[PDB]
Amino acid sequence: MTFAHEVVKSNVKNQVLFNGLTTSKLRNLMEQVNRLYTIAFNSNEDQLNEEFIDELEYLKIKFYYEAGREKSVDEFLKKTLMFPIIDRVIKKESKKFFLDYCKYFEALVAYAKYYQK
Amino acid sequence: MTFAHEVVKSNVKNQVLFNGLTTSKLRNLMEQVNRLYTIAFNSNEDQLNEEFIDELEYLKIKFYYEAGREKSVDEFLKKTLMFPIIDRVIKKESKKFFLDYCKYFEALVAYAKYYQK
Amino acid sequence: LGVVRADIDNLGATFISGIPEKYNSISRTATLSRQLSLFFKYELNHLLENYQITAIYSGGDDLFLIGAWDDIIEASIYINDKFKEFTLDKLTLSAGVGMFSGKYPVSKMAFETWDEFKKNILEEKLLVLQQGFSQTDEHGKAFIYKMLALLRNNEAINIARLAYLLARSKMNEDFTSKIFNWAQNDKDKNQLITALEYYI
Amino acid sequence: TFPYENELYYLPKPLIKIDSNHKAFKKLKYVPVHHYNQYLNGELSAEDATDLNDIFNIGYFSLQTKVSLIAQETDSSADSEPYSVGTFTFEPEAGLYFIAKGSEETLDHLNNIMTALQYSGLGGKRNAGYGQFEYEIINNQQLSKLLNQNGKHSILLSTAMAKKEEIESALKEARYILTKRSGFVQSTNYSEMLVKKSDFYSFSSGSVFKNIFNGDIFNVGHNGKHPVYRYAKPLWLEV
Amino acid sequence: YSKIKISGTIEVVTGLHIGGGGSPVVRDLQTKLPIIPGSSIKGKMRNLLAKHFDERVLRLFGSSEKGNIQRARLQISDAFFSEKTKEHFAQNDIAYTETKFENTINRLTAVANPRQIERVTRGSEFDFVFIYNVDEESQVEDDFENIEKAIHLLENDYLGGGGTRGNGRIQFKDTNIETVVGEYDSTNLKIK
Amino acid sequence: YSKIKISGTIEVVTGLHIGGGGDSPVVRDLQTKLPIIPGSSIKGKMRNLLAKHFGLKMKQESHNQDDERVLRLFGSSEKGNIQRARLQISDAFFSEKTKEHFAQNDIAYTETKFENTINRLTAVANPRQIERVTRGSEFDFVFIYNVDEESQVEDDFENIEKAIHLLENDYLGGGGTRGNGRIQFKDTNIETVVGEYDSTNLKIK
Amino acid sequence: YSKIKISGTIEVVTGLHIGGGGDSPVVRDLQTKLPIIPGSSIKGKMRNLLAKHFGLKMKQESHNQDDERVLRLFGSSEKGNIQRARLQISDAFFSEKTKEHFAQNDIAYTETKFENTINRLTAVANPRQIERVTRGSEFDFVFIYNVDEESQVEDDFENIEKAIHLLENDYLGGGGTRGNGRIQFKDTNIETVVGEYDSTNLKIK
RNA sequence: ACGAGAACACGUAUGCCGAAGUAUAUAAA
């Protein structure tokens with residue numbers, strides 16, 4: 001897939017990144033995603049427990065909070081389809097798709113970090 | 001592309017190597033490469049798994065991240081044509097070419113390890 | 001065990017053709033014959049003293065000596081040089097030495113069986129190699145045999161692998177550098193193979 | 001038997017009296033079919049002898065080690081008894097070849113027996129894993145020409161011994177080597193070690209003769225339950 | 001009078017060590033590929049089939065050293081790497097021999113003296129040929145029962161040295177039995 | 001003459017380092033590139049610990065002499081009275097169940113734990129790195145036992161029971177005292193593969 | 001030789017930071033991706049303390065040649081002496097009770113702790129991020145004792161209980177000085193897993 | 001009716017032993 005790859009090169013303008021996105025501005029999101037990663041990894045079955053569903057709900061709430069806090073994060077989340085992807089992940093309730101999302105978002109962050117001021 | 005394997009001797013300047021590259025800074029890359037070398041080697045057919053394609057995507061992700069963390073690794077990766085060959089190996093999806101890349105990369109690593117401070 | 005066989009290369013002509021057109025009497029060929037005979041029937045006895053070798057069948061132009069591996073090589077070199085002295089570098093010797101295990105039927109080992117070897121192989125490469133292993137311990141037959149494993153397969157990827165191995169060793173930079181430079185060259189690498197095989 | 005390489009066939013050196021080194025020819029054993037008439041007529045030079053010898057790599061020799069643990073190593077502390085065997089291995093395009101002649105019926109029978117034999121061995125330790133073969137019958141024009149000449153001398157290509165009543169006139173003018181041929185026998189009496197053929201001498205496979213002799217299948221038999229045969233009949237090459 | 005041919009291939013399940021050189025392994029002095037001698041097969045098979053119990057041992061392999069003479073009725077030949085194993089190892093770039101480092105522990109001292117023993121690679125395949133000279137019609141069933149039991153034993157045993165230490169386990173696959181001389185039927189005889 | 005096959009799996013509790021290659025890598029098959037446990041390791045550790053169980057005096061230690069029945073089980077055939085070995089220990093190979101497991105859950109087959117050394121009077125550290133086989137790995141083993149003497153089967157299997165039980169409370173490989181290489185045996189099996197001997201009364205825990 | 005087992009639990013009092021794998025990560029397994037305390041760490045720490053309790057001259061320190069009785073307890077086999085270790089330490093593994101407890105109270109396993117340095121006559125900060133194992137977690141351990149001789153077992157376990165006390169009032173891990181690494185010991189259990197020795201009078205605090 | 005015919009390069013022992021991923025590094029504004 002790696003739409004992250006060509007998207008990150010689509011967002012290099014004149015230089016600002018996503019209108020000035022920086023790696024310090026995604027720390028909380030990275031932490032939350034990492035904790036959900038380790039918790040889901042600890043899980044055995046593929047069916048997502050209702051508690052992990054509530055974790056996903058709070059994760060969605062946190063994306064929305066951060067996107068309301070800053071404009072560049074809002075543009076990043078909007079164009080990278082984070083919100084639609086999270087909605088679909090919540091709909092599917094499958095662990096493997098959540099791990100695939102984790103890998104995608106990690107790739108996004110890695111590209112954003114490799115292209116910086 | 002073997003000139004890309006013996007560029008390592010052309011890059012002994014004055015004395016630091018690759019502007020201060022150490023194999024110690026290549027450890028995560030070496031670990032991942034060994035992992036998927038074993039996994040591919042056990043595989044029967046030439047056609048790679050689609051999950052293995054996603055694995056190769058994860059390789060490019062990690063390569064970019066390491067190039068972001070350290071500048072010497074960045075020079076090593078950029079000038080030796082690592083990124084294009086990774087993309088090309090992802091493009092053909094054949095086992096033998098993946099092993100060919102593995103032998104090239106291992107030769108790089110060992111020969112670089114020959115010279116270190 | 002070691003076994004050595006040697007034949008004078010220019011002996012049929014020397015007996016027969018001899019010195020042309022002016023010294024070809026009975027007397028002068030007779031004295032030449034006596035000289036070769038006395039050489040192979042006294043000088044061997046004296047030359048072999050410092051060597052752990054027993055003399056089996058020697059005379060005419062046949063040299064058949066058997067003993068310890070290392071000793072046979074050293075004595076063969078000594079005898080070749082001492083012969084070139086006595087023949088004033090006019091007559092040459094061809095010789096073969098092989099390694100034969102103990103308790104083989106000697107009837108079978110017999111049917112199996114210079115400046116280059118002395119100066120280039122024994123004197124330079126062997127000496128630097130022996131010093132290198134003497135200075136740095138832990139280089140047992142395992143390390144040497146991995147060196148062989150890389151060398152005998154003449155491939156460039158093996159050259160990179162050998163570079164890695166020498167890098168992981170703890171020899172002095174001079175020793176490793178010399179070994180690697182020799183390894184890059186066909187003649188030198190064959191000679192290096194022979195020398196390190198002799199080390200073992 | 002006479003060896004071959006990829007496309008070259010070989011016959012033994014005639015012990016003929018060549019008048020010139022006397023060194024380069026001595027180290028030579030076999031002369032291929034191409035240059036054989038050249039050898040018989042002096043058209044072979046010393047450098048050519050060196051070259052032919054140089055090309056003669058048609059197999060290599062070896063000793064394989066083995067041990068025998070049927071002894072008291074079965075029973076109690078007792079040393080093993082290593083023994084050695086001698087072997088020869090041919091490169092992927094070498095082998096040996098025959099020349100046979102007789103009636104057509106005899107050759108048909110020989111074909112049947114050879115088919116039987118290809119899965120048995122033709123050597124020593126057959127039962128221990130040495131010496132099976134596959135055979136092919138090919139008609140080589142040049143060897144046929146060499147075999148079907150007409151001359152005054154004769155080159156003995158096999159091992160023969162004239163009968164009692166022809167040897168005196170057989171040995172008039174000849175150059176030859178005799179070989180003590182010995183060996184044991186298979187299923188004659190109780191003890192193999194106590195049965196051993198009487199030694200037999202026969203001319204070698206390169207001797208040269210003036211007067212032809214026919215041979216005979218000579219018994220080397222005594223103290224046995226059946227006759228044991230040795231072969232002495234020449235195959236002559238007439239030039 | 002017919003000659004039965006027993007052909008097949010054997011896999012090296014765990015590393016193999018015949019080691020006539022020692023500690024090298026037996027090879028061919030030009031091809032530099034390892035072989036497994038017929039003497040090894042025959043010796044181990046004879047020891048097993050005899051220890052299982054004699055006259056049958058004399059019948060299959062032949063002794064002819066005890067005041068009576070019996071001719072060998074089973075001929076065993078060497079084995080060699082198949083084309084398949086060679087091509088597979090070449091493509092996947094696998095060397096033909098592995099070298100295991102070993103070690104020994106002294107008591108009251110606990111100093112270790114190391115060893116170096118060479119071993120044939122796992123998965124290698126050897127192609128073999130046996131021959132059965134049927135000199136008696138009325139005994140082929142019995143003799144292939146015996147050779148069956150022998151091969152069954154060898155399946156569960158080792159070839160070469162150090163088998164108690166964990167090497168030499170082999171397997172037998174793809175055995176076919178054909179009659180190559182004479183007019184004896186062999187479509188009922190069976191070997192795993 | 002019968003032969004009894006013993007089968008099961010070895011489950012790695014804590015990381016294992018056989019590592020005969022010497023950085024500091026583990027032994028690996030050259031056809032699968034996966035770690036193996038050489039059978040010499042099993043035989044030697046069973047030898048040593050079950051020897052140290054019974055009498056083992058300083059004279060016995062110096063001349064490598066051992067107990068008569070451990071010698072019977074493992075064979076000596078050096079001097080005095082030759083006893084041919086009786087238990088054949090094979091190697092152990094990385095199982096396909098755990099291969100599917102770790103492939104599916106994307107877990108490395110080897111970890112490289114980094115270790116340190118604090119020397120005294122200097123307190124200067126010098127690092128090292130060691131490869132170790134990941135826990136939860138499962139290796140498949142086979143033993144073969146030969147019945148050279150019928151009446152001795154019970155005692156021999158009793159002693160090999162001792163061996164298994166004692167090994168479960170010890171280590172394989174190196175760094176045993178440093179945490180490494182504790183194993184357990186699980187899903188054992190006994191079956192008569194050749195012969196006319198019953199193997200129902202047999203057990204190995 | 002009989003083997004006496006020691007089992008128990010490490011309670012994490014304040015943070016614990018091994019970090020052999022390294023922003024600056026800690027050592028973690030790969031089958032569960034949950035942290036561990038390597039056995040080498042425990043063994044080295046106890047050896048250092050128990051050596052320091054006995055005599056220690058600059059010469060003992062010069063070449064890691066230590067007092068004879070600690071040497072006996074932990075093995076040297078270097079100075080021409082026959083000494084294999086008598087006490088085996090394994091690794092410690094994130095326990096099940098901890099996992100369940102943190103799951104049903106919704107608390108993470110690792111704290112990410114930010115640290116700074118204030119430069120002298122500069123008053124400028126350079127930040128650091130250090131990741132440590134969360135408090136109150138428990139890891140379980142198992143030790144193995146070998147009885148090479150009968151008449152040093154009581155004395156050796158006296159030494160071990162002294163060492164455990166010293167650890168209970170020391171730090172294990174990185175930078176206890178800067179704050180993290182105090183531990184405690186609970187639920188000591190003593191069994192003789194293989195052998196015929198009694199484990200009733202023997203105790204460790 | 002082949003210088004043959006009997007004949008396991010076998011048996012004993014492992015990668016061991018001591019090593020802490022440590023030392024500083026006001027969570028300033």
# chains A, B, ... in the order shown; residues from 1 in each chain; ligands from 1
call {"tool": "select_by_dssp", "arguments": {"residues": "region 76-133 of chain E", "states": "strand (DSSP E or B)", "output": "ChimeraX atom specification"}}
result
/E:76,79-81,97-105,112-120,125-133
call {"tool": "write_last_selection", "arguments": {"atoms": "N, CA, C and O atoms", "output": "compact mmCIF listing (two decimals), in the first residue's frame"}}
result
# COMPACT_ATOMS: atom_id res chain seq x y z
N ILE E 76 25.77 -54.51 -3.29
CA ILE E 76 25.47 -53.15 -2.89
C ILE E 76 26.50 -52.22 -3.50
O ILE E 76 27.71 -52.47 -3.39
N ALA E 79 26.61 -44.70 -3.31
CA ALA E 79 25.58 -43.72 -3.64
C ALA E 79 26.22 -42.36 -3.86
O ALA E 79 27.35 -42.11 -3.44
N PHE E 80 25.49 -41.47 -4.53
CA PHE E 80 26.00 -40.17 -4.93
C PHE E 80 24.89 -39.14 -4.82
O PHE E 80 23.71 -39.48 -4.82
N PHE E 81 25.27 -37.86 -4.73
CA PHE E 81 24.27 -36.80 -4.78
C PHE E 81 23.46 -36.87 -6.06
O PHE E 81 24.00 -37.03 -7.15
N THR E 97 28.75 -29.26 2.69
CA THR E 97 29.18 -29.85 3.94
C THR E 97 29.09 -28.82 5.05
O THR E 97 29.49 -27.66 4.88
N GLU E 98 28.59 -29.25 6.20
CA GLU E 98 28.59 -28.46 7.41
C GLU E 98 29.72 -28.93 8.31
O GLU E 98 30.09 -30.10 8.31
N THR E 99 30.26 -28.00 9.08
CA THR E 99 31.31 -28.33 10.04
C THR E 99 30.81 -27.98 11.43
O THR E 99 30.53 -26.81 11.71
N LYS E 100 30.72 -28.97 12.30
CA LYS E 100 30.27 -28.77 13.66
C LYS E 100 31.47 -28.67 14.58
O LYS E 100 32.39 -29.49 14.52
N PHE E 101 31.46 -27.65 15.42
CA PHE E 101 32.46 -27.52 16.45
C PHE E 101 31.99 -28.29 17.68
O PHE E 101 30.82 -28.21 18.06
N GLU E 102 32.89 -29.03 18.29
CA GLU E 102 32.56 -29.85 19.44
C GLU E 102 33.57 -29.59 20.54
O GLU E 102 34.50 -28.78 20.37
N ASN E 103 33.42 -30.28 21.66
CA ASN E 103 34.17 -29.91 22.85
C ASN E 103 34.09 -31.07 23.82
O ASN E 103 33.19 -31.91 23.75
N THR E 104 35.05 -31.13 24.73
CA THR E 104 35.13 -32.19 25.72
C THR E 104 35.45 -31.58 27.07
O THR E 104 36.20 -30.61 27.16
N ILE E 105 34.91 -32.17 28.13
CA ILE E 105 35.05 -31.63 29.47
C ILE E 105 35.80 -32.63 30.33
O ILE E 105 35.36 -33.77 30.48
N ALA E 112 38.35 -27.39 28.72
CA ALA E 112 37.67 -27.88 27.54
C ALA E 112 38.65 -27.96 26.38
O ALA E 112 39.34 -26.98 26.08
N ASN E 113 38.72 -29.12 25.75
CA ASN E 113 39.54 -29.25 24.57
C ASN E 113 38.63 -29.44 23.37
O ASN E 113 37.91 -30.43 23.30
N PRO E 114 38.65 -28.53 22.40
CA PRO E 114 37.66 -28.56 21.33
C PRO E 114 38.05 -29.50 20.19
O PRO E 114 39.19 -29.92 20.05
N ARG E 115 37.05 -29.79 19.36
CA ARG E 115 37.17 -30.72 18.26
C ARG E 115 36.63 -30.04 17.01
O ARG E 115 36.01 -28.98 17.08
N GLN E 116 36.87 -30.66 15.87
CA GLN E 116 36.37 -30.14 14.61
C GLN E 116 36.01 -31.34 13.74
O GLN E 116 36.90 -32.02 13.24
N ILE E 117 34.71 -31.59 13.57
CA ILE E 117 34.25 -32.77 12.86
C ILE E 117 33.32 -32.33 11.74
O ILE E 117 32.39 -31.56 11.98
N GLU E 118 33.57 -32.82 10.53
CA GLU E 118 32.83 -32.42 9.35
C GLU E 118 31.63 -33.33 9.16
O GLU E 118 31.67 -34.51 9.51
N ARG E 119 30.56 -32.77 8.61
CA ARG E 119 29.30 -33.50 8.55
C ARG E 119 28.58 -33.17 7.26
O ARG E 119 28.56 -32.00 6.84
N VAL E 120 27.98 -34.17 6.63
CA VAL E 120 27.21 -33.95 5.41
C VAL E 120 25.92 -33.21 5.75
O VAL E 120 25.32 -33.43 6.81
N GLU E 125 20.44 -35.85 -0.73
CA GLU E 125 19.87 -37.09 -1.25
C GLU E 125 20.95 -37.89 -1.95
O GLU E 125 21.78 -37.35 -2.67
N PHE E 126 20.92 -39.20 -1.73
CA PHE E 126 21.85 -40.13 -2.33
C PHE E 126 21.07 -41.15 -3.14
O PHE E 126 20.07 -41.69 -2.66
N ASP E 127 21.53 -41.44 -4.34
CA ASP E 127 20.89 -42.42 -5.21
C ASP E 127 21.68 -43.72 -5.15
O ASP E 127 22.90 -43.71 -5.33
N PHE E 128 20.99 -44.83 -4.93
CA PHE E 128 21.64 -46.10 -4.69
C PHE E 128 21.08 -47.16 -5.63
O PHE E 128 19.97 -47.04 -6.14
N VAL E 129 21.87 -48.21 -5.83
CA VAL E 129 21.43 -49.38 -6.59
C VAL E 129 21.88 -50.64 -5.85
O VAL E 129 23.05 -50.77 -5.49
N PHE E 130 20.94 -51.55 -5.63
CA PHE E 130 21.22 -52.90 -5.17
C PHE E 130 20.89 -53.89 -6.27
O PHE E 130 20.08 -53.62 -7.16
N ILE E 131 21.52 -55.06 -6.20
CA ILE E 131 21.27 -56.14 -7.13
C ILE E 131 21.03 -57.42 -6.34
O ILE E 131 21.74 -57.71 -5.38
N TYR E 132 20.02 -58.19 -6.77
CA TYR E 132 19.74 -59.51 -6.13
C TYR E 132 19.85 -60.61 -7.19
O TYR E 132 18.97 -60.69 -8.07
N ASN E 133 20.90 -61.44 -7.11
CA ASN E 133 21.12 -62.54 -8.03
C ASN E 133 20.30 -63.72 -7.53
O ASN E 133 20.70 -64.42 -6.60
call {"tool": "interface_residues", "arguments": {"of": "chain A", "to": "chain B", "cutoff": "12 Å", "atoms": "only C-alpha atoms", "output": "number ranges by chain"}}
result
A: 1-5, 96, 100, 102-117
call {"tool": "calpha_fit_and_write", "arguments": {"fixed": "chain F", "moving": "chain G", "output": "compact mmCIF listing (two decimals) with C-alpha atoms, in the first residue's frame"}}
result
# COMPACT_ATOMS: atom_id res chain seq x y z
CA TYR G 1 17.54 -57.04 19.35
CA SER G 2 14.34 -54.99 19.54
CA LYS G 3 14.52 -51.21 19.50
CA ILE G 4 12.29 -48.98 21.64
CA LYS G 5 11.79 -45.41 20.50
CA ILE G 6 11.40 -42.29 22.62
CA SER G 7 9.92 -39.19 21.03
CA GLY G 8 9.00 -35.89 22.57
CA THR G 9 9.61 -32.17 22.67
CA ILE G 10 11.97 -29.74 24.38
CA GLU G 11 10.24 -26.55 25.49
CA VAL G 12 12.57 -23.57 25.70
CA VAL G 13 11.80 -22.02 29.08
CA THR G 14 14.38 -19.24 29.13
CA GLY G 15 16.98 -18.47 26.50
CA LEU G 16 19.22 -21.17 25.07
CA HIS G 17 22.71 -20.48 23.75
CA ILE G 18 24.78 -23.27 22.24
CA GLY G 19 26.91 -21.10 19.98
CA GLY G 20 29.24 -23.81 18.75
CA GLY G 21 29.46 -21.93 15.45
CA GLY G 22 31.05 -18.90 17.11
CA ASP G 23 28.70 -11.42 16.70
CA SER G 24 28.71 -14.65 18.72
CA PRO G 25 26.30 -16.79 16.72
CA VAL G 26 24.49 -19.96 17.71
CA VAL G 27 24.54 -23.36 16.03
CA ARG G 28 22.24 -23.38 13.01
CA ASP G 29 21.42 -25.83 10.26
CA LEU G 30 22.14 -24.92 6.67
CA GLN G 31 19.19 -26.45 4.83
CA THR G 32 16.72 -24.19 6.63
CA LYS G 33 18.99 -21.75 8.50
CA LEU G 34 16.94 -22.41 11.63
CA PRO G 35 18.67 -23.28 14.90
CA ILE G 36 19.14 -26.76 16.33
CA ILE G 37 20.16 -28.41 19.57
CA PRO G 38 23.01 -30.79 18.72
CA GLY G 39 22.57 -34.28 20.08
CA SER G 40 26.10 -34.33 21.43
CA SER G 41 25.11 -31.54 23.80
CA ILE G 42 22.13 -33.44 25.18
CA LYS G 43 24.08 -36.66 25.53
CA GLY G 44 27.00 -35.05 27.30
CA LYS G 45 24.79 -33.17 29.70
CA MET G 46 22.75 -36.20 30.69
CA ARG G 47 25.87 -38.30 31.06
CA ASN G 48 27.48 -35.74 33.35
CA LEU G 49 24.43 -35.42 35.59
CA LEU G 50 23.63 -39.12 35.81
CA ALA G 51 27.25 -39.86 36.61
CA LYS G 52 27.20 -37.24 39.34
CA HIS G 53 24.07 -38.85 40.80
CA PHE G 54 25.99 -42.07 41.34
CA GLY G 55 29.45 -42.29 42.88
CA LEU G 56 32.26 -40.16 41.50
CA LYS G 57 35.77 -40.29 42.99
CA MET G 58 38.71 -38.13 41.76
CA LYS G 59 40.02 -41.33 40.06
CA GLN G 60 36.71 -41.94 38.18
CA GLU G 61 37.01 -38.27 37.09
CA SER G 62 40.77 -38.60 36.26
CA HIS G 63 40.20 -40.66 33.05
CA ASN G 64 36.44 -40.42 32.28
CA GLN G 65 35.96 -43.94 33.65
CA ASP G 66 32.55 -43.83 35.24
CA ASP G 67 30.21 -45.97 37.34
CA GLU G 68 29.51 -49.37 35.85
CA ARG G 69 25.79 -48.92 35.30
CA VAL G 70 25.97 -45.50 33.65
CA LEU G 71 28.80 -46.99 31.60
CA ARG G 72 26.43 -49.78 30.57
CA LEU G 73 23.77 -47.23 29.70
CA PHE G 74 26.02 -45.04 27.54
CA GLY G 75 28.89 -47.31 26.52
CA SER G 76 32.64 -47.06 27.03
CA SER G 77 34.33 -50.03 25.30
CA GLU G 78 37.70 -48.77 26.54
CA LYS G 79 38.91 -50.75 29.56
CA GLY G 80 39.06 -54.00 27.63
CA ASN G 81 35.28 -54.22 28.00
CA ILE G 82 32.63 -54.93 25.37
CA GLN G 83 30.25 -51.98 25.71
CA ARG G 84 28.67 -50.26 22.76
CA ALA G 85 26.15 -47.61 23.69
CA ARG G 86 22.61 -48.70 24.41
CA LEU G 87 20.90 -45.29 24.14
CA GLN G 88 21.03 -43.16 20.99
CA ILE G 89 20.20 -39.45 21.00
CA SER G 90 19.51 -37.57 17.78
CA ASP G 91 19.45 -33.86 17.13
CA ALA G 92 16.51 -31.56 17.79
CA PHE G 93 15.01 -29.52 14.98
CA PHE G 94 13.06 -26.25 14.98
CA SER G 95 9.56 -27.62 14.87
CA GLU G 96 6.78 -26.76 12.43
CA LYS G 97 4.30 -25.60 15.07
CA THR G 98 6.90 -23.14 16.33
CA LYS G 99 7.53 -21.78 12.84
CA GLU G 100 3.84 -21.28 12.16
CA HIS G 101 3.23 -19.77 15.59
CA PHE G 102 6.01 -17.22 15.27
CA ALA G 103 4.99 -16.41 11.71
CA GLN G 104 1.37 -15.72 12.65
CA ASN G 105 2.39 -13.77 15.75
CA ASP G 106 5.31 -11.89 14.11
CA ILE G 107 8.05 -12.74 16.61
CA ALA G 108 11.70 -13.38 15.75
CA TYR G 109 13.55 -16.63 16.41
CA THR G 110 16.64 -15.15 18.06
CA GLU G 111 17.21 -12.48 20.69
CA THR G 112 20.39 -10.40 20.65
CA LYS G 113 21.24 -9.71 24.27
CA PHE G 114 23.78 -7.09 25.33
CA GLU G 115 25.96 -7.74 28.36
CA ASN G 116 28.58 -5.70 30.19
CA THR G 117 31.41 -6.21 32.63
CA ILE G 118 32.19 -3.65 35.34
CA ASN G 119 35.87 -3.59 36.22
CA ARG G 120 36.90 -3.55 39.86
CA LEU G 121 38.18 -0.24 41.25
CA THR G 122 37.68 0.95 37.64
CA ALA G 123 33.88 1.19 37.14
CA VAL G 124 34.39 1.08 33.36
CA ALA G 125 32.18 -1.17 31.27
CA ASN G 126 33.27 -3.46 28.46
CA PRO G 127 30.17 -4.51 26.52
CA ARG G 128 29.30 -7.90 25.07
CA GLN G 129 26.58 -9.08 22.70
CA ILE G 130 25.21 -12.59 23.15
CA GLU G 131 22.61 -14.10 20.82
CA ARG G 132 20.24 -16.71 22.21
CA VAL G 133 17.33 -18.83 21.03
CA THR G 134 14.07 -17.09 21.86
CA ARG G 135 11.92 -18.44 24.67
CA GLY G 136 8.89 -20.65 24.36
CA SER G 137 10.10 -22.27 21.18
CA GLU G 138 9.83 -26.05 20.99
CA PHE G 139 12.22 -28.56 19.47
CA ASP G 140 11.39 -32.22 18.87
CA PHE G 141 13.66 -35.14 19.65
CA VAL G 142 13.81 -38.85 19.01
CA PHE G 143 15.77 -41.40 21.04
CA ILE G 144 16.46 -45.05 20.29
CA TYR G 145 16.87 -47.77 22.91
CA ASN G 146 18.47 -51.11 22.11
CA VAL G 147 17.68 -54.16 24.21
CA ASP G 148 20.99 -56.02 24.34
CA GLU G 149 19.51 -58.09 27.18
CA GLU G 150 15.94 -58.46 28.39
CA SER G 151 16.43 -58.12 32.14
CA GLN G 152 17.80 -54.57 32.42
CA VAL G 153 15.19 -52.64 30.43
CA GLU G 154 13.01 -51.57 33.37
CA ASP G 155 16.04 -50.54 35.41
CA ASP G 156 17.57 -48.63 32.52
CA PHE G 157 14.40 -46.67 31.92
CA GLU G 158 14.20 -45.93 35.64
CA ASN G 159 17.64 -44.41 35.27
CA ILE G 160 16.56 -42.48 32.20
CA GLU G 161 13.50 -41.02 33.90
CA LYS G 162 15.67 -39.92 36.80
CA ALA G 163 18.00 -38.27 34.30
CA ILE G 164 15.14 -36.52 32.50
CA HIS G 165 13.93 -35.14 35.83
CA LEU G 166 17.43 -33.83 36.57
CA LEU G 167 17.49 -32.15 33.17
CA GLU G 168 14.07 -30.65 33.80
CA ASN G 169 15.65 -28.89 36.75
CA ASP G 170 19.00 -27.99 35.17
CA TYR G 171 20.31 -25.94 32.25
CA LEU G 172 21.34 -27.14 28.81
CA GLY G 173 23.55 -24.82 26.80
CA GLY G 174 25.93 -21.99 27.60
CA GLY G 175 26.05 -20.11 30.91
CA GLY G 176 22.89 -21.25 32.66
CA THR G 177 24.57 -19.64 35.68
CA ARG G 178 24.38 -16.27 33.90
CA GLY G 179 20.71 -16.94 33.10
CA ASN G 180 19.85 -19.03 30.00
CA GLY G 181 19.17 -22.74 29.41
CA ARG G 182 16.30 -24.14 31.50
CA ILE G 183 14.19 -26.61 29.51
CA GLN G 184 11.19 -28.87 30.01
CA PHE G 185 9.99 -32.12 28.46
CA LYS G 186 6.54 -32.73 26.98
CA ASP G 187 4.75 -35.37 24.93
CA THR G 188 6.83 -38.45 25.66
CA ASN G 189 5.86 -41.36 23.42
CA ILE G 190 7.19 -44.90 23.72
CA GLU G 191 6.99 -47.41 20.88
CA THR G 192 8.87 -50.58 20.00
CA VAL G 193 9.59 -49.78 16.38
CA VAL G 194 11.31 -53.07 15.50
CA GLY G 195 10.88 -56.24 17.51
CA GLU G 196 8.37 -58.05 19.69
CA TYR G 197 8.51 -56.17 22.98
CA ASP G 198 5.64 -54.38 24.72
CA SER G 199 5.71 -50.64 25.40
CA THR G 200 2.68 -50.29 27.68
CA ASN G 201 4.00 -50.54 31.25
CA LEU G 202 7.03 -48.36 30.54
CA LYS G 203 6.89 -44.66 31.32
CA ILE G 204 9.06 -41.53 31.53
CA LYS G 205 8.09 -38.32 33.32
call {"tool": "residues_around", "arguments": {"residues": "residue 58 (chain D)", "least_positions_apart": "2", "cutoff": "10 Å", "atoms": "only C-alpha atoms (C1' of nucleotides)", "output": "MDAnalysis selection string"}}
result
chainID D and resid 3:6 55:56 60 89:95
call {"tool": "atom_distance", "arguments": {"atom1": "CA of residue 177 (chain D)", "atom2": "CA of residue 142 (chain D)"}}
result
27.8 Å
call {"tool": "select_by_dssp", "arguments": {"residues": "region 8-113 of chain A", "states": "helix (DSSP H, G or I)", "output": "MDAnalysis selection string"}}
result
chainID A and resid 8:10 23:42 50:69 71:79 82:92 95:113
call {"tool": "residues_around", "arguments": {"residues": "residue 79 (chain D)", "least_positions_apart": "4", "cutoff": "12 Å", "atoms": "only C-alpha atoms (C1' of nucleotides)", "output": "list in words"}}
result
residues 67, 68, 69, 70, 71, 72, 73, 74 and 75 of chain D; 77, 78, 79 and 82 of chain F; 10 and 11 of chain H
call {"tool": "residues_around", "arguments": {"residues": "residue 8 (chain H)", "least_positions_apart": "2", "cutoff": "10 Å", "atoms": "only C-alpha atoms (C1' of nucleotides)", "output": "ChimeraX atom specification"}}
result
/D:66-70 /E:39-48,159-161 /H:10
